[PDB]
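**Student:** fold the following and give me the result.
(one chain, ligands or ions: 1)
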Amino acid sequence: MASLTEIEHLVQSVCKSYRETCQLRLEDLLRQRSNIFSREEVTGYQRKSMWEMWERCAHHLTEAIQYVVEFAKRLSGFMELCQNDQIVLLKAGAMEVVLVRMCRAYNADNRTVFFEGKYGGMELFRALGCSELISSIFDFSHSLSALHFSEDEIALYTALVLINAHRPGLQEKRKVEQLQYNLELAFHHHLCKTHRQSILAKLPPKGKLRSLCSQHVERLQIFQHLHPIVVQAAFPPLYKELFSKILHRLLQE
Ligand SMILES: CC(C)(O)CN1C(=O)[C@H](F)C[C@H]1C(=O)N1CC[C@@]2(S(=O)(=O)c3ccc(F)cc3)c3ccc(C(F)(C(F)(F)F)C(F)(F)F)cc3CC[C@@H]12
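**Tutor:** Residues are numbered from 1 along each chain as shown. Here you go:
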(Lines give C-alpha, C1' and ligand atoms only; values in the text may rest on other atoms or scores of the structure.)
Protein backbone atom coordinates (compact mmCIF):
# COMPACT_ATOMS: atom_id res chain seq x y z
CA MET A 1 0.00 0.00 0.00
CA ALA A 2 0.88 3.71 -0.50
CA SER A 3 3.35 4.17 -3.43
CA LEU A 4 6.00 6.97 -3.63
CA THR A 5 3.54 9.62 -4.99
CA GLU A 6 0.90 8.67 -2.42
CA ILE A 7 3.60 9.09 0.34
CA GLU A 8 4.74 12.40 -1.21
CA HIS A 9 1.06 13.49 -1.30
CA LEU A 10 0.72 12.59 2.41
CA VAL A 11 3.77 14.77 3.25
CA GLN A 12 2.26 17.87 1.64
CA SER A 13 -1.17 17.15 3.11
CA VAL A 14 0.35 16.95 6.64
CA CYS A 15 2.42 20.08 6.13
CA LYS A 16 -0.62 22.03 4.82
CA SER A 17 -2.78 20.75 7.73
CA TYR A 18 -0.29 22.03 10.26
CA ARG A 19 0.05 25.50 8.66
CA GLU A 20 -3.77 25.83 8.73
CA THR A 21 -3.84 24.87 12.44
CA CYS A 22 -0.74 26.30 14.13
CA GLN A 23 -1.74 29.07 16.56
CA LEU A 24 0.94 31.53 15.33
CA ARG A 25 3.17 31.63 12.20
CA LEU A 26 6.87 30.89 12.93
CA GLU A 27 7.68 34.32 11.41
CA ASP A 28 5.28 36.00 13.94
CA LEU A 29 7.08 34.39 16.92
CA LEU A 30 10.50 35.09 15.45
CA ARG A 31 9.77 38.76 14.85
CA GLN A 32 8.84 39.12 18.58
CA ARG A 33 12.19 37.82 19.95
CA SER A 34 13.40 41.28 21.08
CA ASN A 35 10.18 42.12 23.02
CA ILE A 36 11.31 40.79 26.44
CA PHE A 37 9.44 41.27 29.76
CA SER A 38 11.07 43.97 31.92
CA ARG A 39 12.46 43.13 35.42
CA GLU A 40 9.39 44.94 36.91
CA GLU A 41 7.01 42.93 34.62
CA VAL A 42 8.62 39.62 35.66
CA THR A 43 8.26 40.66 39.34
CA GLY A 44 4.55 41.31 38.60
CA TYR A 45 4.16 37.71 37.40
CA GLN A 46 6.12 36.45 40.43
CA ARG A 47 3.96 38.44 42.89
CA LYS A 48 0.79 37.03 41.27
CA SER A 49 -1.27 34.49 43.24
CA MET A 50 -0.79 30.77 42.61
CA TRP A 51 -4.43 30.15 41.71
CA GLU A 52 -4.38 33.21 39.39
CA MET A 53 -1.28 32.00 37.50
CA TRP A 54 -2.70 28.44 37.32
CA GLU A 55 -5.97 29.77 35.79
CA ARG A 56 -3.97 31.76 33.15
CA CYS A 57 -1.88 28.76 32.20
CA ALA A 58 -4.76 26.27 32.07
CA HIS A 59 -6.55 28.79 29.79
CA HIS A 60 -3.52 29.17 27.49
CA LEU A 61 -3.04 25.39 27.37
CA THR A 62 -6.70 24.93 26.40
CA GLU A 63 -6.39 27.39 23.46
CA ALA A 64 -3.27 25.50 22.30
CA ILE A 65 -5.08 22.11 22.60
CA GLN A 66 -8.05 23.53 20.61
CA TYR A 67 -5.72 24.04 17.58
CA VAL A 68 -4.33 20.47 18.06
CA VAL A 69 -7.91 19.13 17.94
CA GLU A 70 -8.33 20.98 14.58
CA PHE A 71 -4.93 19.66 13.36
CA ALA A 72 -6.18 16.12 14.20
CA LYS A 73 -9.53 16.77 12.36
CA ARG A 74 -7.51 17.87 9.26
CA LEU A 75 -5.13 14.87 9.44
CA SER A 76 -5.68 12.41 6.58
CA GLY A 77 -7.55 9.32 7.84
CA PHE A 78 -8.03 10.58 11.40
CA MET A 79 -11.73 11.37 10.85
CA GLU A 80 -12.09 7.85 9.27
CA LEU A 81 -11.27 6.16 12.70
CA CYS A 82 -14.11 5.74 15.25
CA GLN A 83 -14.93 8.47 17.81
CA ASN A 84 -13.55 6.28 20.64
CA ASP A 85 -10.21 6.00 18.86
CA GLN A 86 -10.30 9.73 17.92
CA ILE A 87 -10.86 10.69 21.57
CA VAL A 88 -8.26 8.20 22.90
CA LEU A 89 -5.56 9.51 20.53
CA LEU A 90 -6.42 13.15 21.38
CA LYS A 91 -6.55 12.55 25.15
CA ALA A 92 -3.07 10.97 25.24
CA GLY A 93 -1.39 12.96 22.40
CA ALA A 94 -2.91 16.49 22.63
CA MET A 95 -0.64 17.68 25.50
CA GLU A 96 2.24 15.85 23.77
CA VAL A 97 1.72 17.67 20.43
CA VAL A 98 1.71 21.05 22.28
CA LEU A 99 4.95 20.09 24.15
CA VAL A 100 6.71 19.65 20.77
CA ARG A 101 4.93 22.63 19.13
CA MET A 102 6.10 25.00 21.92
CA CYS A 103 9.74 24.79 20.73
CA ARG A 104 8.79 27.32 18.00
CA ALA A 105 7.85 29.88 20.68
CA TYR A 106 11.17 29.25 22.58
CA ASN A 107 14.44 31.25 22.19
CA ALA A 108 17.56 29.18 22.99
CA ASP A 109 19.88 32.26 22.75
CA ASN A 110 18.40 33.88 25.91
CA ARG A 111 16.54 30.76 27.26
CA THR A 112 13.09 32.42 27.00
CA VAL A 113 9.53 31.45 26.01
CA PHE A 114 6.78 33.67 24.37
CA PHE A 115 4.05 34.15 26.99
CA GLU A 116 1.35 36.85 27.00
CA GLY A 117 2.85 39.04 24.31
CA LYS A 118 6.50 39.01 25.40
CA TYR A 119 9.45 36.72 26.02
CA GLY A 120 10.41 35.62 29.53
CA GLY A 121 12.57 33.08 31.34
CA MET A 122 11.58 30.35 33.81
CA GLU A 123 11.31 32.81 36.73
CA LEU A 124 8.17 34.22 35.05
CA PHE A 125 6.30 31.04 36.17
CA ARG A 126 7.70 31.00 39.73
CA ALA A 127 4.28 31.59 41.33
CA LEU A 128 2.85 28.33 39.85
CA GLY A 129 4.97 26.34 42.28
CA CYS A 130 5.76 23.53 39.78
CA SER A 131 9.55 24.25 39.53
CA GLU A 132 10.68 20.74 38.38
CA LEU A 133 7.87 20.73 35.74
CA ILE A 134 8.79 24.24 34.43
CA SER A 135 12.50 23.25 34.24
CA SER A 136 11.59 19.96 32.53
CA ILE A 137 9.53 21.92 29.96
CA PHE A 138 12.34 24.45 29.37
CA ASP A 139 14.94 21.66 28.98
CA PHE A 140 12.65 19.84 26.49
CA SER A 141 12.30 22.99 24.37
CA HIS A 142 16.08 23.57 24.58
CA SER A 143 16.68 19.99 23.39
CA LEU A 144 14.37 20.35 20.36
CA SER A 145 15.98 23.73 19.52
CA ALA A 146 19.34 21.97 18.97
CA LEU A 147 17.65 20.00 16.15
CA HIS A 148 16.87 23.22 14.17
CA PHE A 149 13.59 21.70 12.98
CA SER A 150 11.79 22.96 9.88
CA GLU A 151 7.99 23.56 9.88
CA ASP A 152 7.53 20.49 7.65
CA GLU A 153 9.51 18.39 10.18
CA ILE A 154 7.44 19.68 13.14
CA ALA A 155 4.24 18.90 11.16
CA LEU A 156 5.34 15.38 10.20
CA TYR A 157 6.69 14.62 13.69
CA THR A 158 3.61 15.87 15.59
CA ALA A 159 1.29 13.83 13.31
CA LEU A 160 3.22 10.70 14.43
CA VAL A 161 3.21 11.87 18.09
CA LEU A 162 -0.61 12.02 17.85
CA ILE A 163 -1.17 8.91 15.70
CA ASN A 164 0.27 6.31 18.15
CA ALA A 165 -1.13 2.74 17.77
CA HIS A 166 0.21 1.82 21.27
CA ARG A 167 -2.31 4.02 23.14
CA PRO A 168 -4.28 1.93 25.63
CA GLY A 169 -8.01 1.77 24.98
CA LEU A 170 -7.95 1.82 21.16
CA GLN A 171 -10.67 -0.34 19.60
CA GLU A 172 -9.37 -0.60 15.96
CA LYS A 173 -5.63 -0.92 16.79
CA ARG A 174 -4.88 -2.10 13.23
CA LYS A 175 -6.49 0.94 11.62
CA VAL A 176 -4.31 3.24 13.79
CA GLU A 177 -1.25 1.04 12.98
CA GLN A 178 -1.94 1.42 9.20
CA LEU A 179 -2.06 5.24 9.33
CA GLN A 180 0.84 5.49 11.84
CA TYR A 181 2.95 3.43 9.38
CA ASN A 182 1.92 5.66 6.45
CA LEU A 183 2.80 8.77 8.46
CA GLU A 184 6.12 7.23 9.47
CA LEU A 185 6.98 6.54 5.76
CA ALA A 186 6.09 10.16 4.98
CA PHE A 187 8.29 11.46 7.82
CA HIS A 188 11.28 9.29 7.02
CA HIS A 189 10.86 9.84 3.28
CA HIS A 190 10.89 13.59 3.74
CA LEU A 191 13.95 13.35 6.02
CA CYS A 192 15.64 11.13 3.42
CA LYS A 193 14.89 13.48 0.48
CA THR A 194 16.05 16.55 2.39
CA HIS A 195 19.20 14.77 3.76
CA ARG A 196 17.99 15.06 7.38
CA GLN A 197 17.76 11.43 8.76
CA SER A 198 20.48 12.53 11.23
CA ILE A 199 17.70 13.97 13.48
CA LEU A 200 16.11 10.48 13.97
CA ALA A 201 18.78 9.51 16.53
CA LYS A 202 18.66 12.91 18.33
CA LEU A 203 14.77 12.98 18.67
CA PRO A 204 13.50 12.69 22.25
CA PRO A 205 12.69 9.23 23.61
CA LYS A 206 8.91 8.43 23.83
CA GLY A 207 9.34 8.22 27.65
CA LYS A 208 10.42 11.87 27.88
CA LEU A 209 7.00 13.05 26.53
CA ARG A 210 5.24 10.60 28.88
CA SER A 211 7.14 11.90 31.97
CA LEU A 212 6.25 15.53 31.20
CA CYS A 213 2.57 14.65 30.83
CA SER A 214 2.73 12.68 34.10
CA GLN A 215 4.44 15.64 35.91
CA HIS A 216 1.63 17.85 34.52
CA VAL A 217 -1.28 15.69 35.88
CA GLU A 218 0.60 15.03 39.18
CA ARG A 219 1.16 18.76 39.78
CA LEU A 220 -2.44 19.49 38.74
CA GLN A 221 -3.83 16.96 41.31
CA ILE A 222 -1.78 18.72 44.02
CA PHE A 223 -3.15 22.20 43.06
CA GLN A 224 -6.75 20.87 42.71
CA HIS A 225 -6.50 19.36 46.23
CA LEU A 226 -5.60 22.82 47.67
CA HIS A 227 -7.99 24.85 45.44
CA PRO A 228 -10.89 22.58 44.32
CA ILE A 229 -13.32 25.43 43.69
CA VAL A 230 -10.73 27.37 41.56
CA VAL A 231 -10.40 24.34 39.24
CA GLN A 232 -14.19 23.98 39.38
CA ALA A 233 -15.18 27.58 38.63
CA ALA A 234 -12.23 29.13 36.78
CA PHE A 235 -10.68 26.23 34.74
CA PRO A 236 -11.83 25.61 31.15
CA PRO A 237 -14.10 22.56 30.73
CA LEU A 238 -11.84 20.97 28.01
CA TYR A 239 -8.82 21.29 30.39
CA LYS A 240 -10.65 19.39 33.17
CA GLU A 241 -11.80 16.83 30.53
CA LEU A 242 -8.28 15.93 29.36
CA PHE A 243 -6.40 16.30 32.70
CA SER A 244 -8.84 15.97 35.66
CA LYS A 245 -18.32 15.77 26.83
CA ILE A 246 -16.46 18.72 24.96
CA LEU A 247 -14.22 16.61 22.68
CA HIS A 248 -17.22 14.88 21.06
CA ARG A 249 -18.81 18.29 20.27
CA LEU A 250 -15.42 19.60 19.02
CA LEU A 251 -15.09 16.59 16.68
CA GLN A 252 -18.64 16.82 15.16
CA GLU A 253 -17.92 20.25 13.48
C1 LIG B 1 2.54 31.98 21.52
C2 LIG B 1 1.94 30.58 21.60
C3 LIG B 1 1.13 30.27 20.35
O4 LIG B 1 1.07 30.55 22.75
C5 LIG B 1 3.05 29.56 21.81
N6 LIG B 1 2.61 28.13 21.79
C7 LIG B 1 2.95 27.29 20.80
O8 LIG B 1 3.47 27.60 19.75
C9 LIG B 1 2.56 25.88 21.27
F10 LIG B 1 2.07 25.15 20.20
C11 LIG B 1 1.45 26.13 22.25
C12 LIG B 1 1.77 27.51 22.84
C13 LIG B 1 2.55 27.35 24.16
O14 LIG B 1 3.75 27.56 24.18
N15 LIG B 1 1.89 26.99 25.28
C16 LIG B 1 0.44 26.88 25.54
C17 LIG B 1 0.30 27.26 27.02
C18 LIG B 1 1.70 27.08 27.64
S19 LIG B 1 2.34 28.67 28.35
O20 LIG B 1 2.73 29.53 27.27
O21 LIG B 1 1.38 29.16 29.31
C22 LIG B 1 3.80 28.20 29.22
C23 LIG B 1 5.00 28.11 28.54
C24 LIG B 1 6.13 27.69 29.21
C25 LIG B 1 6.02 27.37 30.53
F26 LIG B 1 7.13 26.93 31.18
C27 LIG B 1 4.86 27.46 31.24
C28 LIG B 1 3.72 27.88 30.57
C29 LIG B 1 1.66 26.14 28.84
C30 LIG B 1 0.75 26.34 29.87
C31 LIG B 1 0.75 25.55 31.00
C32 LIG B 1 1.66 24.51 31.13
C33 LIG B 1 1.73 23.66 32.39
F34 LIG B 1 2.21 22.39 32.11
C35 LIG B 1 2.76 24.25 33.38
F36 LIG B 1 3.96 24.40 32.83
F37 LIG B 1 2.38 25.45 33.82
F38 LIG B 1 2.89 23.47 34.44
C39 LIG B 1 0.38 23.43 33.08
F40 LIG B 1 -0.55 23.02 32.21
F41 LIG B 1 0.48 22.50 34.03
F42 LIG B 1 -0.07 24.55 33.66
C43 LIG B 1 2.55 24.28 30.09
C44 LIG B 1 2.56 25.07 28.95
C45 LIG B 1 3.55 24.76 27.86
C46 LIG B 1 3.03 25.14 26.49
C47 LIG B 1 2.65 26.62 26.49
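
**Student:** need the strands for this structure, in chain order.
**Tutor:** In the chain, the strands defined using DSSP state E lie at 106-107, 112-115, 118-120.

**Student:** closest one to the ligand among these?
**Tutor:** Among those, the nearest to the ligand by C-beta to the nearest ligand atom is strand 112-115 (4.5 Å). To be clear about C-beta, it is placed using only N, CA and C from the backbone, and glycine gets the same treatment.

**Student:** the strands of the chain into JSON lines, with extra columns for mean neighbour count and distance to residue 128?
**Tutor:** Converted to JSON lines, those look like this (neighbours: other C-beta atoms under 10 Å; distance: least, C-beta to C-beta, whole Å):
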{"stretch": "strand 106-107", "mean neighbour count": "20", "distance to residue 128": "18"}
{"stretch": "strand 112-115", "mean neighbour count": "20", "distance to residue 128": "12"}
{"stretch": "strand 118-120", "mean neighbour count": "19", "distance to residue 128": "13"}
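
**Student:** same list (these) but as TSV, adding distance to the ligand.
**Tutor:** Shown next, in TSV, are the strands of the chain (distance: least, C-beta to the nearest ligand atom, whole Å):
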stretch	distance to the ligand
strand 106-107	8
strand 112-115	4
strand 118-120	9
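
**Student:** save those as JSON lines, and put in distance to residue 220 too.
**Tutor:** Below are the strands of the chain laid out as JSON lines (distance: least, C-beta to C-beta, whole Å):
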{"stretch": "strand 106-107", "distance to residue 220": "22"}
{"stretch": "strand 112-115", "distance to residue 220": "19"}
{"stretch": "strand 118-120", "distance to residue 220": "22"}
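
**Student:** hmm, residue 86 and residue 175 touching each other?
**Tutor:** No. Between residue 175 and residue 86 there is no contact under C-beta atoms under 8 Å: 11.1 Å.

**Student:** more neighbours: these two, which one.
**Tutor:** residue 86 (19 against 16; other C-beta atoms under 10 Å).

**Student:** and that one, what does it touch?
**Tutor:** Contacts here follow C-beta atoms under 8 Å, 6 or more residues apart in numbering; on that basis residue 86 touches 72, 78, 79, 251.

**Student:** returning to that earlier point: residue 160: which of the strands of the chain is closest?
**Tutor:** Closest approach to residue 160 among the strands of the chain (C-beta to C-beta): strand 106-107, 20.7 Å.
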